[PDB]
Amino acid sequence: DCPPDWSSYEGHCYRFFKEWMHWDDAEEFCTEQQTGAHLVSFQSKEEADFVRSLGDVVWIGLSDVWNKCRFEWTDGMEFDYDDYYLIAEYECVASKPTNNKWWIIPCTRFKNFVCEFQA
């Protein structure tokens, strides 16, 4: 149901890429493949298994996981989020097809990844 070299699963197209890029490039690269393609995203374990079926960690669709957080001081100090710019490490999520455990690591890291989309 999908293009050449890609793989199909539940109306969705996947494809591992043995190319070393940082999260943002991996993500962008995916989007430049097909209209509607992103870094793989797991909405259930099953979906993960199929991706495993396709170093040690691959980029998945989770970006800037810390700066998208809410912050609070232990003494309830009041602050203006506008002042908290890039305050936390810029980190992204990489998967380990083996144990299937996700690692939150620096987005600048170079990891192989998997793209995904729907026809």
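So that there is no doubt, residue numbering starts at 1 and follows the sequence shown.
In the deposited sequence, the stretch from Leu54 to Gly55 hides 4 to 9 residues that have no coordinates. Of the two stretches examined, 7-15 and 103-111, the record assigns the greater average C-alpha temperature factor to 7-15. Looking at mean Cα B-factors across 92-100 and 20-28, the upper value is held by 92-100. Remark: of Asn67, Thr74, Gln34, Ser63, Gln34 shows the highest value [criterion: C-alpha B-factor in the PDB entry]. Looking only at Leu86, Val58, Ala48, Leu39, the residue with the top Cα B factor in the deposited structure is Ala48.
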